[PDB]
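> Sharing a structure, written as structure tokens. Questions coming.
In this analysis, Cβ positions are derived from the backbone assuming ideal geometry, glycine residues included, and neighbour counts consider all displayed protein chains. Each answer follows from the model by the rule given with it, or from the source it names; none is laboratory data.
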Ligand SMILES: Nc1ncnc2c1ncn2[C@@H]1O[C@H](COP(=O)(O)OP(=O)(O)OP(O)(O)=S)[C@@H](O)[C@H]1O
Ligand SMILES: [Mg+2]
């Protein structure tokens, strides 16, 4: 159930990022309402800038962690599929690709590396030649709808937020800004 | 069954201290023989004095650990004999000391230790009244041999060599010196 | 069979292997070329060969690799690493690798690295997509580091004295300044052994530069963790290069969610070494030190940091005082105020054979409230309000002869509290 | 050194003495220096104690500086950058062997010579040796020989080399002689040592009073 709990955590932090984006949208809508109106006081404007800055940083890091979570769940699903598929049908692959397997099994490290490289480029030419037809392929039977919902390509609003980086000193600036922000909604 | 381990630990500590004193006395007699002779090599005398210091520190440490082991043996022996006696005559002790345990059974910690100190000093007058008779008592049934072979008090040779006190800096430097002494002895 | 185990063995094991294996004359040359020859004939014999060590990148794109117990020296024991290996495993300087070495071609001497079986103690595939330095960020020290063990010993007494004098936390920026013969060697000794014993989880690094080789070798056999020490036999270039590779590999280690504490001896020595190695900028200050020679030590000293998401980097460093060289004072008050906390020692205290020679009144710390709790907070405010009025050395003997009778520090707190 | 000094040293020594006067260029001196230290290392290789005298580090540093090719970098005073490497390597060879034997160097230094080379090779050699002994001229003018500076001199790790009681014996002697001036401590110590025959006699002199 490791895959299921990993996907559950991915959904959890994705929903957290969604709520953070809702709070964002609220912050910018009240910002535009105040600036379009009679915004005489600017101290409120300054604190609004504080929340907007910490908010964009927080949504950036939340989108980034969502991207890493999605990549991790995809990788663990791929590894599980590799494991059970090899346990099912490893003997046919062994018969078809025996020489480099003996090279990797009962030889020294450098022969193992040579076997790794030749099996690598053989399988890569296999994949690039057999995908020319490119017939549509479905997901795994046990994990079809989960991966269709999460999708191989995540939301477009994730990559644009994840690419925004900041200086590590500026990262502590954002961290202390978020600390005093949390103290702000504390009161 | 820890009495046997305490016993043979005390025995081997005593043997180690005895042999430490043996090589000590050997070192001083050899150094005195060198001093009596016309040996002009002052380096030999200096290193012999260093060896004398290392040996006396080692003997002091051995005597200290032997004293600690003897105290541990005495404590465990008296605790076991006391426990079996108090199991034998617990009802009579409770009858003769009823009010204190009446209080101890349900009262809080401060009252518990107040009853504890009342019981302890009352039994101090009881014991001092009893010992006015001053009768002679032998050792226990199966712990008599351990106490006899270990001895009543530690050997006087263990207290006329431990009366010197070394601050832990001296102990550390002497441990280092004994370390290179052991290195040379190995060579 | 790796190079590490036969390197760690003494010369006698190498000799005996030599007669057992055909090398009759191994008692003429240096250790490095002797192991080079024995590894050559090993590769001739076809015995399995393994490699372990840290890789760095020189001016060219090609990279070298060096061992740990070799005192971090580059020579015949280096290992080839191609730029392609750097690219495909996003490798960089300061990363440790445990990978099988390869029998060199004719015309090349070092054992080439076939590929990485692990990167920085972790698997290469997780290192390919791994946390970078930009996310690693400097936080204030929060977790107090314990240096008290309890044995009624003078080193324990010194540890307790420095605990009560100033708190030491994880990822802090601490400095020590002391006159000559003021007790630096044994203080660093007990702090190292105490952080090793109390905290086996955190890795122990002790840095020594231009030190006497004897102090180097008696630090080699004392500290449990690995210790780097380049004595004054090597030139200033070796000292400086060791400095950056060790600080940057410590940075790489703390990048792996790992607590690292490095002991530095001494910041003045590396400052002079940097002044020697850096080209003159044409703007020289008092003492023959130019402006660009101060930024690099400043960056080195400011590298001390704690990490919010996990890990800490504690640089604890020693500095020289009043040695008769004016540039020493120049860098002393050029580095002043740049650390999280400082430890001052004096001459007259150590003259009276009072150890340790720490100055309780002068030594201090910033932001003790966050690192400690309120009970202990007021429990050392009572300490310095009691100790500040009367004399410094008088308080020294008072604390040494009153703390000695108490086995721990808390019990000491209650025993003096009733007074 | 001057030929008279060489000939009085070679006449007043027991072991063999190596000596090159000034009448030959610096190449002679430098090559003698490295091959003598190398043969001393070769002899201590056999677990044989080696003790070598040296006078003075200033002259050998000057010889190495004037014999080494220029590295393109000039330090303070006028000494070359890698020139200081060789004297430092020669001086750093002193060590006590764990397996057996030892290599001890007793090398003197020249200071306040009216020049700049001595000081500029001096500052870096303050913390190199593990034992230092200072001299001064104010004591020497009025006949207090030796005109050493005991307060400014000493030996590190003095606890391991000697026994324990004489450790605090030296400590109490030092704390007795700290208040009054160093020169005053000097004639004090020479008169206290005048009537003594053996060191322990002096110890009991100074400790029973
Ligand atoms: N806790 C201690 N335990 C044992 N000896 C100590 C302790 N503290 C100080 N000492 C002694 O104090 C003296 C100072 O030794 P050093 O470490 O050489 O001083 P230093 O401050 O390191 O400067 P150097 O190295 O002598 S120039 C030595 O004789 C030590 O034995
Ligand atoms: Mg020291």
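> Go through (1) surrounded by fewer than 20 Cβ atoms within 10 Å (Cβ to Cβ); (2) more than 13 Å from ligand 2 (Cβ to nearest atom) for residue C:218 and report which single condition fails.
Looking at each condition in turn, residue C:218 falls short on (2).
> Show me the helices (runs of 4 or more DSSP H) found entirely inside the range A:69-187 where at least 1 residues are more than 26 Å from residue C:131 (Cβ to Cβ).
Working: elements: A:98-105, A:109-130, A:144-150, A:156-162, A:168-186.
By residue number, A:98-105, A:109-130, A:144-150, A:168-186.
> Residues to consider are C:150, C:183; find the one that is more than 14 Å from ligand 1 (Cβ to nearest atom) and on the phi > 0 side of the Ramachandran plot.
Numbers: C:183 fails: more than 14 Å from ligand 1 (Cβ to nearest atom).
C:150 is the lone residue from the list that is more than 14 Å from ligand 1 (Cβ to nearest atom) and on the phi > 0 side of the Ramachandran plot.
> Something else: Are there any pairs, at least 6 apart or on different chains, whose C-beta atoms fall under 6 Å, with the first in the range C:174-187 and under 18 Å from residue C:208 (Cβ atoms) and in the same structural domain as residue C:338 (by CATH) and the second assigned to a helix (DSSP H, G or I) and within 12 Å of ligand 2 (Cβ to nearest atom), and if so, which?
Filtered contacts from the range C:174-187: C:178/C:184; C:182/C:350; C:183/C:350.
> Let me ask something else about it. Test residue C:134 against the criterion of being on the phi < 0 side of the Ramachandran plot, away from ligand 1 (no atom under 16 Å from the Cβ), away from every other protein chain (no Cβ under 13 Å) and without any contact (Cβ under 8 Å) to a residue 12 or more places away in the chain, and give yes or no. Can you show your working first?
Values: on the phi < 0 side of the Ramachandran plot: yes; away from ligand 1 (no atom under 16 Å from the Cβ): yes; away from every other protein chain (no Cβ under 13 Å): no; without any contact (Cβ under 8 Å) to a residue 12 or more places away in the chain: yes.
So residue C:134 fails the test.
> With the structure loaded, tell me whether residue C:346 is within 24 Å of residue C:299 (Cα to Cα) and either within 16 Å of ligand 1 (Cβ to nearest atom) or touching a helix residue (DSSP H, G or I) at 6+ places or on another chain (Cβ under 6 Å) (or both) or whether it fails that test.
Numbers: within 24 Å of residue C:299 (Cα to Cα): no; either within 16 Å of ligand 1 (Cβ to nearest atom) or touching a helix residue (DSSP H, G or I) at 6+ places or on another chain (Cβ under 6 Å) (or both): yes.
It is false that residue C:346 is within 24 Å of residue C:299 (Cα to Cα) and either within 16 Å of ligand 1 (Cβ to nearest atom) or touching a helix residue (DSSP H, G or I) at 6+ places or on another chain (Cβ under 6 Å) (or both).
> Still on this structure, please answer the following. Here are the criteria: (1) away from chain D (no Cβ under 14 Å); (2) surrounded by fewer than 21 Cβ atoms within 10 Å (Cβ to Cβ); (3) in contact with a helix residue (DSSP H, G or I) (Cβ under 9 Å, 6 or more places away or on another chain). Tell me which single one residue C:285 does not satisfy.
Unmet condition: (1).
> Given the criterion in contact (Cβ under 8 Å) with a residue 40 or more places away in the chain, surrounded by 17 or more Cβ atoms within 10 Å (Cβ to Cβ) and farther than 25 Å from residue C:412 by Cα, identify the matching residue among C:322, C:328. Full working, then the answer.
Working: C:322 fails: surrounded by 17 or more Cβ atoms within 10 Å (Cβ to Cβ).
Matching residue, one of C:322, C:328: C:328.
> Go through the range C:211-222 and give me each residue that's free of Cβ contacts under 8 Å to residues at least 24 places away in the same chain, in a loop (DSSP other than H, G, I, E, B) and closer than 21 Å to residue C:236 by Cα.
C:212 - this is the single residue of the range C:211-222 that is free of Cβ contacts under 8 Å to residues at least 24 places away in the same chain, in a loop (DSSP other than H, G, I, E, B) and closer than 21 Å to residue C:236 by Cα.
> Among the residues of the range C:307-356, which ones are in a helix (DSSP H, G or I), under 22 Å from the mean Cα position of the chain (by Cα) and closer than 30 Å to residue C:154 by Cβ? Spell out how you get there, then give the answer.
First, pick out the residues of the range C:307-356 that are in a helix (DSSP H, G or I): C:326-332, C:347-351.
Of the ones still in play, those that are also under 22 Å from the mean Cα position of the chain (by Cα) are C:328, C:331-332.
If the condition is that a residue be in a helix (DSSP H, G or I), under 22 Å from the mean Cα position of the chain (by Cα) and closer than 30 Å to residue C:154 by Cβ, then C:328, C:332 are the ones that fit.
> Here is a further query. Confirm whether residue B:59 is assigned to a helix (DSSP H, G or I), over 30 Å from residue B:180 (Cβ atoms) and touching a helix residue (DSSP H, G or I) at 6+ places or on another chain (Cβ under 6 Å). Steps first, please.
Details: assigned to a helix (DSSP H, G or I): yes; over 30 Å from residue B:180 (Cβ atoms): no; touching a helix residue (DSSP H, G or I) at 6+ places or on another chain (Cβ under 6 Å): yes.
Against the criterion (assigned to a helix (DSSP H, G or I), over 30 Å from residue B:180 (Cβ atoms) and touching a helix residue (DSSP H, G or I) at 6+ places or on another chain (Cβ under 6 Å)), residue B:59 does not qualify.
> Among all residue pairs at least 6 apart or on different chains, which show Cβ distances below 8 Å where the first residue, located in the range B:1-19, is farther than 15 Å from residue B:68 by Cβ and the second is not in a helix (DSSP H, G or I)?
B:3/B:143
> Going by the conditions given, is residue C:238 in contact with a helix residue (DSSP H, G or I) (Cβ under 6 Å, 6 or more places away or on another chain), at negative phi and either surrounded by fewer than 21 Cβ atoms within 10 Å (Cβ to Cβ) or within 14 Å of another protein chain (Cβ to nearest Cβ) (or both)? Step through it out loud before you land on a result.
Values: in contact with a helix residue (DSSP H, G or I) (Cβ under 6 Å, 6 or more places away or on another chain): no; at negative phi: yes; either surrounded by fewer than 21 Cβ atoms within 10 Å (Cβ to Cβ) or within 14 Å of another protein chain (Cβ to nearest Cβ) (or both): yes.
No: the conditions fail for residue C:238.
> Suppose we keep only residues that are within 14 Å of chain D (Cβ to nearest Cβ) and assigned to a helix (DSSP H, G or I) within the range C:159-196. Which one would you say is farthest from ligand 2 (Cβ to nearest atom)?
Quick first cut of the range C:159-196, residues within 14 Å of chain D (Cβ to nearest Cβ) only: C:178-186, C:189.
Checking which are assigned to a helix (DSSP H, G or I) leaves us with C:184-186, C:189.
On the way: C:184: 5, C:185: 3, C:186: 8, C:189: 10 Å.
Restricting to residues being within 14 Å of chain D (Cβ to nearest Cβ) and assigned to a helix (DSSP H, G or I), the top hit is C:189.
> Considering each of B:140, B:186, B:105, B:129 in turn, give the residue that is more than 16 Å from ligand 1 (Cβ to nearest atom), closer than 30 Å to residue B:12 by Cβ and away from chain C (no Cβ under 14 Å).
Working: B:186 fails: away from chain C (no Cβ under 14 Å); B:105 fails: closer than 30 Å to residue B:12 by Cβ; B:129 fails: closer than 30 Å to residue B:12 by Cβ.
Answer to the check: B:140.
> Here's something else I'd like to know. Criterion first (within 13 Å of chain C (Cβ to nearest Cβ) and either touching a helix residue (DSSP H, G or I) at 6+ places or on another chain (Cβ under 9 Å) or within 24 Å of residue D:24 (Cα to Cα) (or both)) does residue D:85 satisfy it? Walk me through it before giving the result.
Details: within 13 Å of chain C (Cβ to nearest Cβ): yes; either touching a helix residue (DSSP H, G or I) at 6+ places or on another chain (Cβ under 9 Å) or within 24 Å of residue D:24 (Cα to Cα) (or both): yes.
Yes, satisfied.
> Whether any residue in the range B:161-168 is free of Cβ contacts under 8 Å to residues at least 60 places away in the same chain and away from chain C (no Cβ under 14 Å) is what I want to check. Step through it out loud before you land on a result.
Of all residues in the range B:161-168, those free of Cβ contacts under 8 Å to residues at least 60 places away in the same chain come to B:163, B:165, B:167-168.
Going one step further and asking which of them are away from chain C (no Cβ under 14 Å), we end up with B:163.
The answer is yes; a qualifying residue exists.
> Restricting attention to the range C:166-178, does a residue exist that is within 12 Å of ligand 1 (Cβ to nearest atom), within 24 Å of residue B:168 (Cβ to Cβ) and surrounded by 20 or more Cβ atoms within 10 Å (Cβ to Cβ)?
Within the range C:166-178, one or more residues are within 12 Å of ligand 1 (Cβ to nearest atom), within 24 Å of residue B:168 (Cβ to Cβ) and surrounded by 20 or more Cβ atoms within 10 Å (Cβ to Cβ).
> Can I ask one more? Collect the residues in the range C:186-212 that are surrounded by fewer than 16 Cβ atoms within 10 Å (Cβ to Cβ) and more than 8 Å from ligand 1 (Cβ to nearest atom), keeping them in residue-number order.
The initial filter retains those residues of the range C:186-212 that are surrounded by fewer than 16 Cβ atoms within 10 Å (Cβ to Cβ), namely C:186, C:197-198, C:200-201.
Residues satisfying the conditions are C:197, C:198, C:200, C:201.
> Okay, next question. Under the condition of being surrounded by fewer than 14 Cβ atoms within 10 Å (Cβ to Cβ) and in contact (Cβ under 8 Å) with a residue 24 or more places away in the chain, which residue from the range C:147-158 is nearest to the other protein chains (Cβ to nearest Cβ)?
Here the answer is C:152.
> Given the conditions (1) in a strand (DSSP E or B); (2) away from chain D (no Cβ under 14 Å), which single one is not true for residue C:208?
Condition not satisfied by residue C:208: (2).
So that you can scan it fast, the table gives a plain yes or no per residue for (1) closer than 20 Å to residue C:148 by Cβ; (2) assigned by CATH to the domain that holds residue C:141; (3) in contact (Cβ under 8 Å) with a residue 24 or more places away in the chain:
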residue: C:366; (1), (2), (3): no, yes, yes
residue: C:379; (1), (2), (3): yes, yes, yes
residue: C:389; (1), (2), (3): no, yes, no
residue: C:410; (1), (2), (3): yes, yes, no
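> Filter the range D:93-106 down to residues that are touching a residue at least 24 places away in the same chain (Cβ under 8 Å) and surrounded by fewer than 18 Cβ atoms within 10 Å (Cβ to Cβ) and give me whichever is farthest from the other protein chains (Cβ to nearest Cβ).
D:106
> Give me the residue from the range C:213-230 that is touching a helix residue (DSSP H, G or I) at 6+ places or on another chain (Cβ under 8 Å) and away from ligand 1 (no atom under 14 Å from the Cβ) and, out of that set, farthest from residue B:176 (Cα to Cα).
My answer is C:230.
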